[PDB]
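**Student:** Please find one structure pasted underneath; my questions will follow.
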Amino acid sequence: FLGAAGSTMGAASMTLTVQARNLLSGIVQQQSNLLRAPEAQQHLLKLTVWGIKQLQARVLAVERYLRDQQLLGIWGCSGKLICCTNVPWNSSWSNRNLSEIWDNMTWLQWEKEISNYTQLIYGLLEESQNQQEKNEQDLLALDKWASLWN
Amino acid sequence: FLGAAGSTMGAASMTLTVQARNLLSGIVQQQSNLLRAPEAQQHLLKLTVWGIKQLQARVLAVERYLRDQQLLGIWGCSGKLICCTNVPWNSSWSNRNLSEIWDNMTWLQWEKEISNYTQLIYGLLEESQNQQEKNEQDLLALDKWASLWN
Amino acid sequence: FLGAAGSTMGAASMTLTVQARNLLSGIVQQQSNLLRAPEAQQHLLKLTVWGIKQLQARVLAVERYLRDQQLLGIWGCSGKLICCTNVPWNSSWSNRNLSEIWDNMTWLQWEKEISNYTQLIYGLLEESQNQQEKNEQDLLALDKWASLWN
Amino acid sequence: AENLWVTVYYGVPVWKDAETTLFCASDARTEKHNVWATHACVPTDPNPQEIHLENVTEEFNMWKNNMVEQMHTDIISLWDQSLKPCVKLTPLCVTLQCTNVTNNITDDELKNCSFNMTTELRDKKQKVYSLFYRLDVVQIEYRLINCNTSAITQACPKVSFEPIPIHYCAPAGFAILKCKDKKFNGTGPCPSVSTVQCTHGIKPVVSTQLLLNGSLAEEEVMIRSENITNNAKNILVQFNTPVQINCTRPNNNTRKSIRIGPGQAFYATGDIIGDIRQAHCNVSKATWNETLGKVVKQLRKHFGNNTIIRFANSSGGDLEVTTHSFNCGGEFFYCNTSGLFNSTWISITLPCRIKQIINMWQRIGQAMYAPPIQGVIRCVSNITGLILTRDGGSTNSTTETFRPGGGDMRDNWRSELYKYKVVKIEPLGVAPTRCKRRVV
Amino acid sequence: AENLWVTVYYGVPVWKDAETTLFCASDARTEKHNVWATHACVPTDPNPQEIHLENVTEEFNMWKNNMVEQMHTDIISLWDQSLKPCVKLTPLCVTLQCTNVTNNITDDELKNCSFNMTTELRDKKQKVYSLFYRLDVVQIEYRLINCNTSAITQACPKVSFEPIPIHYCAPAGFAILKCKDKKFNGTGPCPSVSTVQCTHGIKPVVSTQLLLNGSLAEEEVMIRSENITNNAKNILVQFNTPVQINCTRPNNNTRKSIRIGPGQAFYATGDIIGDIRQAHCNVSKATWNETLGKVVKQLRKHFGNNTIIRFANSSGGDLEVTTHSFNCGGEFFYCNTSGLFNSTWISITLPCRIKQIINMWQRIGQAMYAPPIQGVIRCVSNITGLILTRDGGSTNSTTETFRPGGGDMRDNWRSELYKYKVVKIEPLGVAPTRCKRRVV
Amino acid sequence: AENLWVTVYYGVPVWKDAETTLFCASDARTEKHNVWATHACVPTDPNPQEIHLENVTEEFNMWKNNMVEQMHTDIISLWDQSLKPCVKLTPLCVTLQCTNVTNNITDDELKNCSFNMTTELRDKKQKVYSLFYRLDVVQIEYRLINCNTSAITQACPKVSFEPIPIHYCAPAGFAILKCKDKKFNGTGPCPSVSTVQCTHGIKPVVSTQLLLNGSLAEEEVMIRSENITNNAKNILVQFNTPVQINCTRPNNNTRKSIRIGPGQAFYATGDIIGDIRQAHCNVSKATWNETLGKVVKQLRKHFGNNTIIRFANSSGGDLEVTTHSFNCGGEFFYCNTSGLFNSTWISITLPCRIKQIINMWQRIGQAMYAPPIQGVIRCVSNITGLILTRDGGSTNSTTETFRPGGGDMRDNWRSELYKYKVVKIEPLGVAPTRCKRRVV
Ligand SMILES: *[C@@H]1O[C@H](CO)[C@@H](O[C@@H]2O[C@H](CO)[C@@H](O[C@@H]3O[C@H](CO)[C@@H](O)[C@H](O)[C@@H]3O)[C@H](O)[C@H]2NC(C)=O)[C@H](O)[C@H]1NC(C)=O
Ligand SMILES: *[C@@H]1O[C@H](CO)[C@@H](O[C@@H]2O[C@H](CO)[C@@H](O[C@@H]3O[C@H](CO)[C@@H](O)[C@H](O)[C@@H]3O)[C@H](O)[C@H]2NC(C)=O)[C@H](O)[C@H]1NC(C)=O
Ligand SMILES: *[C@@H]1O[C@H](CO)[C@@H](O[C@@H]2O[C@H](CO)[C@@H](O[C@@H]3O[C@H](CO)[C@@H](O)[C@H](O)[C@@H]3O)[C@H](O)[C@H]2NC(C)=O)[C@H](O)[C@H]1NC(C)=O
Ligand SMILES: *[C@@H]1O[C@H](CO)[C@@H](O[C@@H]2O[C@H](CO)[C@@H](O)[C@H](O)[C@H]2NC(C)=O)[C@H](O)[C@H]1NC(C)=O
Ligand SMILES: *[C@@H]1O[C@H](CO)[C@@H](O[C@@H]2O[C@H](CO)[C@@H](O)[C@H](O)[C@H]2NC(C)=O)[C@H](O)[C@H]1NC(C)=O
Ligand SMILES: *[C@@H]1O[C@H](CO)[C@@H](O[C@@H]2O[C@H](CO)[C@@H](O)[C@H](O)[C@H]2NC(C)=O)[C@H](O)[C@H]1NC(C)=O
Ligand SMILES: *[C@@H]1O[C@H](CO)[C@@H](O)[C@H](O)[C@H]1NC(C)=O
Ligand SMILES: *[C@@H]1O[C@H](CO)[C@@H](O)[C@H](O)[C@H]1NC(C)=O
Ligand SMILES: *[C@@H]1O[C@H](CO)[C@@H](O)[C@H](O)[C@H]1NC(C)=O
Ligand SMILES: *[C@@H]1O[C@H](CO)[C@@H](O)[C@H](O)[C@H]1NC(C)=O
Ligand SMILES: *[C@@H]1O[C@H](CO)[C@@H](O)[C@H](O)[C@H]1NC(C)=O
């Protein structure tokens, strides 16, 4: 868990070689402590201080842990931990050397590079994913027998 | 958001050309107001009126926002915002002209057409999706080398 | 619901022929009773005994109902109710006759067989699913035109 | 044609009418100890994104609306939650030796009462100055009116009573419709609707018989009822002109702090500076005459253009069904508004009384005690309409009589949640098309 | 064979025994102010879909069951939540000048007490009529029994005490098993089980020594114990025959309302109409004799067919371990049920006393005060079994002695949650097959 | 090169600093009625998996840390939740006829007071023995000090006050950083950090002017401040040597139980065995001299190596800003620690007083009453540092003066949450690569 966060993306190219360095299961295996004793306390006590503070924190992790699954679903990438797009590396003017990136730059530094236009990338993804591609799939509803590829 | 709900399905064929007119992200981006201040209040107050009324409303949107994801998973359509089936337009006796439908009829009016048999459609989908198709996929576990397509 | 749990896996090979004998929708359709009256009570009462006991039980089913969806996502099996792997039936030394298994053995008895090494299987799945396969997919990013299959 | 194939569509813009909880939203500005702010429940209130639809004639209703009950039950719950941690006044229900006051004009009045009190070390009691009104004491020489009913816990003086406006925001998976048709009366298909995520600023004021600060309509002053036919239905009316009510209370009203037992201070009215006059509200007779003319001219739309008479309140009842009652800066007024209703068919002062001990402002049972306010009280803002009743009876053709009824509080917020409706969102839709899956 | 390949299966019908919270479910019928209904917690209670399995012999247990503690801790929590907003009676613990009553037969009795009370304007006290029982007052002329322990807050009279049946419904991801084997004694592998989503209607009655309205077994009247070997274990027995108990209280019992301070009324027993008789319950001696014969004939199954004697409930303890105690229409009875136990080996009245001040019905500490009931009290329904104790001792072979023990309340609901069990659902299963993925 | 293509990466190990709620975690050991344990909130506390990172220099802060407020507001909330269901002592604020005690040495003292009390049947009062201290009674012959402020509800005697250590565990989607740099002073980039899921054992002690049982640093005894430049900033100092404080209270302190009204016992100090001596704490002068030398030698690192003088805490003011105050086994000590501060530039006893009525240990308003402890009180453990203030003023070059300030409680937990920080986890990252989708 977080075992090579301090590494560069080249030395975090091994993190994507492993289960994103166990980040996603680490999002959900941290719930197992509060999964293990929310009920096993047998006390009356007439009142609960953590009756909301745990429960507010518990559903906070779920909604945050579902916005990404909703976002990977909207980019056709649900289930795939790593997937490429049809949108290229666009005119986003953080254009540079590849072996500057995947050799010597940390992910945190990589975040510091493209902290701007991140929402611009995020709107850009669903454009090619649905607004051209899904209607291109509806264009694959012909099934001719004599004049397919005219 | 909801920008062409009053339109016909022909003029809501542009809604499916866009992100279902931003309906699905609109289901989840409405959570961001209560995501932004559930904790930022720094008050003691000894008691919470919205300590349950928000929390009951919060998990109501999650379970409703998960029954559909569970239902698209059961029809093999998880991730796909639009997908067709193997069940055809069956003997459901709301049979009519296509360019009556995808030209001049609102989605609300379309709901008024097939308000009945909607659960009959919903049971009909999982029949062809699993009860024939998944065992047909288990029939693709042969891998012969000399007598494949006898 | 649970209609052939007492059956052997051979007579629960019909359970996988149906919607896992309606187990997954049964996980979520049991929520519909507490979906139907959490709010329809119109009483003041100044205090709630089930204000936490329902809500703790409600989000307990969600997190348990999401760890599996997270686990099927990590094995590339999200959406697929039944899927095979690339990991074979390994050196797990519960090695036996197939028509001993899929003819005469209950699922509960089958659980009693492989209660051990179950976590060993679970770690074994993500190894072939990501740590070889996803980087093999990154090895499919070449697109040559004259020397593809050298 | 060929056999079509059903195709799911996830995110279809359809809706059903449903019922669910909403939540308040307001803004920050310290002293968030307001009894409705609950220390800024959702203090965000972001920018109001509003989206028109323009192609849908969605029906509405105001007499089957669910949001008014959620508004009503949250107000009483925000009331008692504010009133809980304050001081109980159960040692105050004792015998009172009272007498009148003598410094100024008659027809105001007040009572000079004293009692054995201050209860400080459980052992020493004192004869205490106090100055109470009428309409809160009864003879047997005196006792408070509420001692045959329940307890009389007082208000905390640090909290306020200014109804700062709130916003009801829909939760996820729901939407708030909003009819933009400027002549939508009460109930029916609205042609021009729009969608918001949160409502506008809604001041939760409380007033019988005259609703104040409102949401003013357009120049057709609207008439709202469930049905005109039944005489036993209140009639709402909405204005378009902000008529002013210059209310004030004349006196200077010195406070006097009393120690009761442990650290529980009690505030009683000290002896005032000594100019005992009447509480009153000045209303311009000209503008009031013009507003009634616009009202009666659209009242004649509903039935024959003949013989409109207006009356004072009838069948007696408690203050709160007869006088226009409200508070002004945490000081609760009761004005005999008889002098507004003569027969209109072709500056005004108003005598305002003051209670200090108030009942539960809807219910019977528990009752609060208002602390006094120092200085001179004066406040003024707009009216937005009235609550009227058609009497009917044997008047088969003529002499149509109206009296300003209205005792419920839900009809206040019915006059502002009329142009809103909540709908659930059903993002799952199916349709047949020409696509079919490629079965492997 | 070839190397197989592991294949996941999502939704496998397996289960593990687990522990989680459940929730009540009942039906609607106004006056939902019942102390266990909590104003209709889940008022749906839909149609009971029940599914048999027929091919599984699942083990059960009743002495390690978890649902009885969840039933027990919810009852005490529903108790105090009902008892919270009512009137405290801490001004009642005073000295009482008492005397007897003289109108009717002896061997009933009551005490004519009076005290300085009514405390209305904090300043005026009154000598008040009251009529108390015995078994709730002690000498020093008198005081209440509970004033050396804690407070004595009374019941709200508007609530009821009829134990309307509830349904425990499982949450999602869990299931409720149900053994259908009609001779499953207490613990072991049940051959015929079935699954429900909710339990049946369970009346949460409270009774020592004789459990009423029950869930009656089949004609083999069952014997339930943890082990017969240990003498320090209570023995449950279940009936198959609804034997009747015609209980009544004779007198007419006039109420008398007392004002205490602020608006806190207090209800005391006024002077009754004047026919002071005894509270009693008539039991048919014939049917009672036949039921014991069925009991002893299956008691001889567990050990040698010789010398069965039954005895009076064990001497000593507090009423609640000796008398069959219960309530009838909000009136709490204590009947010396000595006259049911002679040696059976080969109409009956019962003297019922009445307490009014009750302890916490399990605990020590806080204590409630029952208000009186007007009119004549009479109620009747079935029994379903007893709680017995084997004495053992030096009786190595013969003279087997039983006395109707039982002081705990959990053994009531153990007699109805015996045929239920909760299991979690583990929908993730793996198996090797002949399929392998087509690697691209 | 060719045009690259953006590729999402789910689970990137990046973080942002954020703020969220945490939760306690401890272990089991009955008698979990500890006022901070809240009956074992999360009683798991599993094995502490700790992971180093070694390649990141992450910044930290201790003066902008959020966890100390979450620690501070949970302690006061765990305080009042413990203090809620106990006995109120509002009948105790009465007049007290007091006199001195005469058995032993002067300069200790105590007052022999008696009052009309025991209030048992609302009608009989008694003259009651009591034995109070000084510093909690005032003349007018006497009354308690807190009767001009609010109520004086006492502690439940069954609960304890031993600060058992707790663990703050992060929720899901968050992580707890931990700086391992042994010379990280207060704020800046820590070169060697590590990640934990839960903190270590943190004893929530409460002590002014001398923080006890701590988390001792390494042999460089660290100096912590927001900035040295401003004189109006408290200075924390951390030790490396567990210096001992043998504290004790001499007397035997007999308890005396009093019945008050209903079942509300009250515990007052009975007449003791009769050896009235002084409460004191012995400190070894040698080791105390050596620790100050290490302190001043690193104090000279921050500014010129000249003229260090230490002082008493001025004159006047209250106790809690002047005396080192704490509790020892539920008995609250106040020691004039003047005798620790002479000018250091080149066994000790301490007079400890005892209050029994305590204020709210931060606030004004409600106040608790400690019950007495039977027997002889003695306890001893380590110190870990002090809270000092630089005076400054006109001392432009020399005579540097320090006095042991510190009145806030947050600076206690600032001395232990300095090496921790919470971060949210952002698992969504994008990067351009050479892969492109195969569009069908
Ligand atoms: C009628 O509308 C007014 C419009 O704001 C509501 O607020 C009241 O406004 C008056 C100003 O004319 C306030 O009076 C004075 O405000 C000054 C501000 O500098 C303050 O320093 C004085 O102490 C004094 O309060 C008044 O406070 C304010 N609130 C109230 C309760 O009168 C008013 O609420 C509306 N009235 C009704 C019945 O809806
Ligand atoms: C024994 O079983 C009965 C079966 O219902 C339980 O309910 C009691 O039923 C009797 C009817 O024989 C009720 O008495 C009368 O009911 C009429 C209905 O018209 C009502 O108007 C009268 O005021 C009177 O209540 C009785 O109320 C009802 N409840 C009680 C608490 O007796 C009864 O609860 C069962 N007893 C036990 C100890 O379980
Ligand atoms: C200082 O450190 C000690 C280390 O444990 C903290 O705990 C106190 O330890 C002493 C032992 O020297 C306890 O005294 C006695 O413990 C025995 C155990 O057999 C018990 O039977 C006696 O009744 C007596 O309590 C003491 O209880 C315990 N707690 C307290 C509050 O003194 C101590 O808390 C630390 N002091 C401070 C101010 O942090
Ligand atoms: C207010 O506007 C609504 C818009 O629908 C009118 O409502 C209906 O109008 C039709 C046609 O006039 C009548 O047949 C119905 O009886 C009306 N229903 C109701 C509930 O009023 C309505 O006429 C307008 N006026 C009033 C006074 O409500
Ligand atoms: C009740 O039925 C159960 C069904 O299993 C019996 O339980 C076990 O039976 C076997 C075989 O007779 C014994 O060896 C075990 O000791 C029994 N266990 C227990 C806990 O009883 C049981 O014998 C039956 N009778 C009783 C009185 O429990
Ligand atoms: C404590 O260590 C920190 C580590 O960064 C030092 O902090 C900064 O150090 C630089 C270089 O000396 C200064 O320019 C900054 O002004 C320092 N900032 C702060 C907030 O101190 C710091 O000097 C060290 N010492 C102290 C007493 O804080
Ligand atoms: C409404 O329908 C008209 C057709 O008359 C069309 O021109 C217009 O774009 C539609 N508007 C919306 C919002 O659908
Ligand atoms: C139980 O097993 C028998 C085989 O003896 C089979 O005939 C029957 O269908 C099975 N029932 C169920 C519910 O699995
Ligand atoms: C009253 O009406 C005036 C005129 O439009 C407006 O400016 C003001 O905001 C209204 N409300 C008050 C004074 O509360
Ligand atoms: C008692 O037994 C009879 C006979 O079966 C039954 O009809 C009745 O419902 C039972 N319960 C009562 C009277 O509460
Ligand atoms: C005090 O210091 C000693 C010496 O390291 C240590 O063993 C002990 O645990 C410390 N804490 C106490 C006595 O509470």
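Following the order of the structure tokens, chains are lettered A, B, ..., residues in each are numbered from 1, and ligands are numbered from 1.
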So that I can check the surroundings of segment 67-73 of chain A, please list as a list in words every protein, DNA and RNA residue that reaches within 10 Å of it, counting only C-alpha atoms and ignoring chain neighbours fewer than 6 positions away.
**Tutor:** residues 79, 80, 81, 83, 122 and 126 of chain A; 24, 25, 28, 29, 69, 78, 79, 80 and 81 of chain B; 70 of chain C; 8, 10, 426, 427 and 428 of chain F
**Student:** Would you mind listing the residues within 10 Å of ligand 4, counting only C-alpha atoms and all ligand atoms, as a list in words?
**Tutor:**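 Using only C-alpha atoms and all ligand atoms, I find these residues within 10 Å of ligand 4: residues 59, 60, 61, 63, 183, 184, 185, 186, 187, 188, 189, 190, 191, 222, 223, 224, 225, 226, 227, 228, 229, 301 and 302 of chain D.
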**Student:** Give me the residues within 10 Å of residue 36 of chain B as a list in words, counting only C-alpha atoms and dropping any in the same chain fewer than 4 places off.
**Tutor:** residues 31, 32 and 40 of chain B; 42, 43 and 44 of chain D
**Student:** Filtering to C-alpha atoms, could you give me those residues as a PDB file, in the first residue's frame?
**Tutor:**
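Final output, saved to part12.pdb:
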```
ATOM      1  CA  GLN B  31     -24.678  15.026  -4.520  1.00  0.00           C
ATOM      2  CA  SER B  32     -21.841  17.573  -4.643  1.00  0.00           C
ATOM      3  CA  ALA B  40     -17.524  22.169   7.334  1.00  0.00           C
TER       4      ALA B  40
ATOM      5  CA  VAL D  42     -26.133  23.910   4.547  1.00  0.00           C
ATOM      6  CA  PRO D  43     -24.258  27.228   4.380  1.00  0.00           C
ATOM      7  CA  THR D  44     -23.202  26.921   0.731  1.00  0.00           C
TER       8      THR D  44
END
```
**Student:** Go through the chains and note each residue within 10 Å of ligand 8, using only C-alpha atoms and all ligand atoms, then give the set as a ChimeraX atom specification.
**Tutor:** /C:2-12,14-15,104,106 /E:52-56
**Student:** Could you please select, counting only C-alpha atoms, the residues of chain D within 7 Å of chain E and state them as a count of residues only?
**Tutor:** 8
**Student:** Check segment 74-141 of chain C with DSSP on the backbone and list each residue it calls strand (DSSP E), as a ChimeraX atom specification.
**Tutor:** /C:82-88
**Student:** Print the selection's residues with N, CA and C atoms to a file, as a compact mmCIF listing (two decimals), in the first residue's frame.
**Tutor:**
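Listed below is the output, again27.txt:
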```txt
# COMPACT_ATOMS: atom_id res chain seq x y z
N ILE C 82 -20.73 -15.49 -14.68
CA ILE C 82 -19.86 -16.65 -14.78
C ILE C 82 -18.74 -16.30 -15.73
N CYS C 83 -17.50 -16.45 -15.27
CA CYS C 83 -16.38 -16.32 -16.19
C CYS C 83 -15.24 -17.21 -15.70
N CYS C 84 -14.48 -17.72 -16.66
CA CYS C 84 -13.29 -18.50 -16.39
C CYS C 84 -12.08 -17.59 -16.36
N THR C 85 -10.93 -18.15 -16.03
CA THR C 85 -9.71 -17.36 -15.86
C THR C 85 -8.64 -17.85 -16.81
N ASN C 86 -7.44 -17.30 -16.64
CA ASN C 86 -6.24 -17.85 -17.23
C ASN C 86 -5.44 -18.68 -16.25
N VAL C 87 -5.60 -18.42 -14.96
CA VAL C 87 -5.07 -19.33 -13.94
C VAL C 87 -5.78 -20.67 -14.07
N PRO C 88 -5.05 -21.77 -14.19
CA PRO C 88 -5.69 -23.07 -14.33
C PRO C 88 -6.09 -23.60 -12.96
```
**Student:** Set the distance at 7 Å and use only C-alpha atoms: which residues neighbour segment 25-37 of chain F once local chain neighbours fewer than 4 positions away are removed? I'd like the list as a PyMOL selection string.
**Tutor:** chain F and resi 41-45+78-79+82+159-161+166-169
**Student:** Using only C-alpha atoms, which residues sit within 8 Å of segment 267-270 of chain E once same-chain residues fewer than 3 positions away are excluded, as a PyMOL selection string?
**Tutor:** chain E and resi 129-132+253-258+371-372
**Student:** Let me have all residues with an atom within 10 Å of ligand 1, counting only C-alpha atoms and all ligand atoms, laid out as a PyMOL selection string.
**Tutor:** chain D and resi 160-164+203-207+211-214+244-248+325-333+375-383
**Student:** Write the selection just made, keeping C-alpha atoms, as a PDB file, in the first residue's frame?
**Tutor:**
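Result file is out39.pdb:
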```pdb
ATOM      1  CA  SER D 160     -33.072  36.210  17.276  1.00  0.00           C
ATOM      2  CA  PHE D 161     -36.334  35.977  15.387  1.00  0.00           C
ATOM      3  CA  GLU D 162     -35.560  37.528  12.012  1.00  0.00           C
ATOM      4  CA  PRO D 163     -36.776  35.048   9.357  1.00  0.00           C
ATOM      5  CA  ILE D 164     -33.696  34.891   7.153  1.00  0.00           C
ATOM      6  CA  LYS D 203     -38.444  33.985   4.437  1.00  0.00           C
ATOM      7  CA  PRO D 204     -40.241  31.803   7.006  1.00  0.00           C
ATOM      8  CA  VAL D 205     -42.346  34.556   8.521  1.00  0.00           C
ATOM      9  CA  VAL D 206     -45.389  33.842  10.662  1.00  0.00           C
ATOM     10  CA  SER D 207     -48.449  36.061  10.475  1.00  0.00           C
ATOM     11  CA  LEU D 211     -48.884  37.648   5.008  1.00  0.00           C
ATOM     12  CA  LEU D 212     -45.807  39.854   4.987  1.00  0.00           C
ATOM     13  CA  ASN D 213     -42.670  40.201   2.802  1.00  0.00           C
ATOM     14  CA  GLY D 214     -44.099  37.528   0.491  1.00  0.00           C
ATOM     15  CA  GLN D 244     -46.000  49.609   3.642  1.00  0.00           C
ATOM     16  CA  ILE D 245     -46.851  49.071   7.308  1.00  0.00           C
ATOM     17  CA  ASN D 246     -44.972  51.494   9.536  1.00  0.00           C
ATOM     18  CA  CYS D 247     -45.315  49.604  12.837  1.00  0.00           C
ATOM     19  CA  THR D 248     -43.842  50.770  16.114  1.00  0.00           C
ATOM     20  CA  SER D 325     -50.736  38.855  14.778  1.00  0.00           C
ATOM     21  CA  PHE D 326     -46.989  38.775  14.208  1.00  0.00           C
ATOM     22  CA  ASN D 327     -43.716  39.686  15.852  1.00  0.00           C
ATOM     23  CA  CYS D 328     -41.523  42.725  15.263  1.00  0.00           C
ATOM     24  CA  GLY D 329     -37.932  42.301  16.401  1.00  0.00           C
ATOM     25  CA  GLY D 330     -38.824  39.653  18.940  1.00  0.00           C
ATOM     26  CA  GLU D 331     -41.902  41.501  20.183  1.00  0.00           C
ATOM     27  CA  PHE D 332     -45.292  40.043  19.474  1.00  0.00           C
ATOM     28  CA  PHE D 333     -48.061  42.327  18.278  1.00  0.00           C
ATOM     29  CA  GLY D 375     -35.319  50.698  23.787  1.00  0.00           C
ATOM     30  CA  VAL D 376     -37.999  51.729  21.310  1.00  0.00           C
ATOM     31  CA  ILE D 377     -39.322  49.182  18.822  1.00  0.00           C
ATOM     32  CA  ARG D 378     -40.099  50.207  15.245  1.00  0.00           C
ATOM     33  CA  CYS D 379     -40.110  48.082  12.088  1.00  0.00           C
ATOM     34  CA  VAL D 380     -41.670  48.288   8.644  1.00  0.00           C
ATOM     35  CA  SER D 381     -41.970  46.196   5.487  1.00  0.00           C
ATOM     36  CA  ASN D 382     -44.353  45.151   2.772  1.00  0.00           C
ATOM     37  CA  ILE D 383     -47.555  43.110   2.636  1.00  0.00           C
TER      38      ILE D 383
END
```
